[PDB]
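Numbers here are sequence positions counted from 1.
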Amino acid sequence: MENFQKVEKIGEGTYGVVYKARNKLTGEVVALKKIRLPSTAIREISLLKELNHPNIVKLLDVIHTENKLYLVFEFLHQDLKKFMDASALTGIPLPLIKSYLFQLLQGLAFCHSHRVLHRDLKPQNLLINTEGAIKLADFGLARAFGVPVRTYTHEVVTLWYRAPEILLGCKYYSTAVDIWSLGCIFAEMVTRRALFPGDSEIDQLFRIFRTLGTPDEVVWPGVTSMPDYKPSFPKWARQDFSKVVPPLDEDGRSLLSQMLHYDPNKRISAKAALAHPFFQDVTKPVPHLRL
Ligand SMILES: Cn1cc(NC(=O)c2cc(-c3ccccc3)nc3ccnn23)cn1
């Protein structure tokens, strides 16, 4: 932190402070993330420097010096959480929602093709720029560092986007967990409200069940044998997506339903989702960004 001049706190991320900083040698403005605390993690994280795609926030460097771990990322000026808050009177226009979803699916398809999962997608790690791009930040890190209940400064890590197999204690994640999260985000962009804003693991799980119906062996073979499944769960009926995400059209609702299948083996893949009729008329609009 002397071969970075000018260093400012951006926010508090899942693993430590995030700073905006200028690289000394190069003049470039970067995001610098301090990871608060392991050699297995270093090689794993290091591999992510090769995982480069236009819809993935570039990992520029892994700095392991002075027994500290810093990740240096490409810097973007706004996140989707802030953008949706700024867009709340009018909503994000459907063509821009569509562009963002399509781009995010391209990013997921890339990473999934290389056997890399995110596992903690949320609006705060989706970053936007002035050119209409959106990018996924922090891919691959959960496999390396875990996902805590609370961050270094005691902020509660959100459960809102967590897939039901994770909440039911399945110990092997698949790429389907990212599709679920993205489906949740899609619904939130459309309705301007989080889809499942749980404030505890059971509240999260029951909010899912009260919308999508309590899962059973018909819709999710194997569910009743999951580690944290209890036969005493209340049995709620499923709601129609026409009630959950109006005014989304039938193409959008169909796609959302497939992203929110209970059984992770039934849930649509990113690559398949890109071929969905919802994207037949996709475009790349310019967002209105105030920086
Ligand atoms: C991995 N990675 C993170 C980023 N950037 C961000 O996190 C980021 C930074 C800032 C920011 C605001 C005022 C002054 C300085 C910075 N505002 C937002 C709003 C949303 N994100 N964000 C770039 N790369």
Side-chain angles (χ1 to χ4, degrees), residues 4 6-14 17-23 26-33 52-60 71-111 118 120-139 141 155 158 160-161 178 181-195 197 245 247-249 252 256 270 273-274 278-279 281-291:
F4 289 101
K6 318 207 181 178
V7 186
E8 135 198 5
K9 164 197 187 75
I10 286 170
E12 310 188 314
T14 318
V17 57
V18 182
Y19 300 102
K20 184 175 184 181
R22 183 181 309 284
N23 181 298
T26 68
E28 191 50 267
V29 169
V30 301
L32 171 71
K33 306 203 187 187
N52 299 309
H53 183 279
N55 297 114
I56 302 301
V57 180
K58 186 175 178 56
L59 178 57
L60 300 172
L71 304 191
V72 190
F73 287 103
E74 158 190 24
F75 180 78
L76 286 85
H77 281 89
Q78 192 148 299
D79 67 53
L80 183 71
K81 182 175 174 148
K82 290 200 189 70
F83 187 66
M84 278 192 300
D85 287 349
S87 290
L89 284 187
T90 37
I92 302 170
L94 178 68
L96 183 62
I97 295 178
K98 189 176 293 190
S99 175
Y100 284 173
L101 183 63
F102 187 69
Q103 288 182 67
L104 290 169
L105 289 166
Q106 289 174 56
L108 262 73
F110 172 82
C111 292
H118 189 301
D120 187 35
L121 285 173
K122 53 208 175 187
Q124 305 102 106
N125 58 32
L126 308 178
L127 304 186
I128 64 175
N129 69 13
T130 53
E131 306 262 277
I134 188 165
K135 310 192 186 196
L136 299 119
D138 297 356
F139 246 91
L141 304 192
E155 293 68 37
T158 190
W160 299 353
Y161 308 95
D178 293 329
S181 305
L182 189 52
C184 292
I185 296 169
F186 178 25
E188 184 172 344
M189 293 193 276
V190 167
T191 64
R192 317 175 215 169
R193 191 163 167 160
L195 181 60
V245 292
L248 191 62
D249 67 50
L256 181 62
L274 289 167
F278 187 63
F279 298 112
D281 60 346
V282 71
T283 66
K284 191 186 184 183
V286 181
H288 176 42
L289 288 201
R290 332 75 154 280
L291 306 170

**Asked** Looking at residues at least two apart in the chain, or sitting in another chain, which of them share a ring pair (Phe, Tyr, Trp, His ring centres under 6.0 Å) with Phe102?
**Response** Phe279

**Message:** Suppose we screen for side chain to side chain donor-acceptor pair (under 3.5 Å). Which residues come up paired with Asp120, at least two apart in sequence or across chains?
**Reply:** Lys122

**Test applied, side-chain contact (heavy atoms from CB on, under 4.5 Å); reference residue, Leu80; option that passes from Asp85, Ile185, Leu127** = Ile185

**Prompt:** Do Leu104 and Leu121 have side-chain heavy atoms sitting under 4.5 Å apart?
**Reply:** no

**Asked** Side-chain contact, heavy-atom cut-off 4.5 Å: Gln103 with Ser99?
**Response** yes

**Request:** Output all residues satisfying salt bridge (charged side-chain N to carboxylate O under 4.0 Å, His left out) with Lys82, sequence neighbours left out; order by chain, then residue number.
**Result:** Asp79

List the atom pairs, with distances to 0.1 Å, where a side-chain N or O of residues 282-291 and a protein N or O form a donor-acceptor pair under 3.5 Å, not counting sequence neighbours.
none

**Message:** Would you say that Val18 contacts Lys33 through its side chain, given a criterion of any heavy-atom pair below 4.5 Å between the two side chains?
**Reply:** yes

**Asked** Can you name the closest pair of heavy atoms from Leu105 and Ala273 and give their distance?
**Response** CD1-CB, 3.7 Å

**Item:** Residues forming a side chain to side chain donor-acceptor pair (under 3.5 Å) with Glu74, sequence neighbours excluded
**Value:** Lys135

**Request:** Check whether any side-chain heavy atom of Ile128 sits under 4.5 Å from a side-chain heavy atom of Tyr100, and report yes or no.
**Result:** yes

**Prompt:** For the residue pair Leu136 and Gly107, what are the closest heavy atoms and their distance?
**Reply:** CD1-CA, 3.9 Å

**Asked** Considering residues at least two apart in sequence or located in another chain, which fulfil the salt bridge (charged side-chain N to carboxylate O under 4.0 Å, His left out) criterion with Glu12?
**Response** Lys9

**Asked** Would you say the side chain of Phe4 lies within less than 4.5 Å of the side chain of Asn23, judging by non-hydrogen atoms?
**Response** yes

**Request:** Using side chain to side chain donor-acceptor pair (under 3.5 Å) as the criterion, list what pairs up with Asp281, not counting sequence neighbours.
**Result:** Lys98

**Fill in**
Sorted by chain and number, sequence neighbours left out, side chain to side chain contact (heavy atoms under 4.5 Å, CB included) with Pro197 holds for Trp160, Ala194, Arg207

**Item:** Sequence-distant partners of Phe139, ring pair (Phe, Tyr, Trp, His ring centres under 6.0 Å), two or more places apart
**Value:** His118

**Asked** With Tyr161, which residues qualify under ring pair (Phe, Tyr, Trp, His ring centres under 6.0 Å), at least two apart?
**Response** none

**Complete:** Hits for side chain to side chain donor-acceptor pair (under 3.5 Å) against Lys20, two or more places apart or cross-chain, chain-then-number order -> none

**Complete:** Sorted by chain and number, sequence neighbours left out, ring pair (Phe, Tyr, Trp, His ring centres under 6.0 Å) with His77 holds for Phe75

**Asked** Is a side-chain donor or acceptor of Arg192 paired with a backbone partner of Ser87 at a separation under 3.5 angstrom?
**Response** no

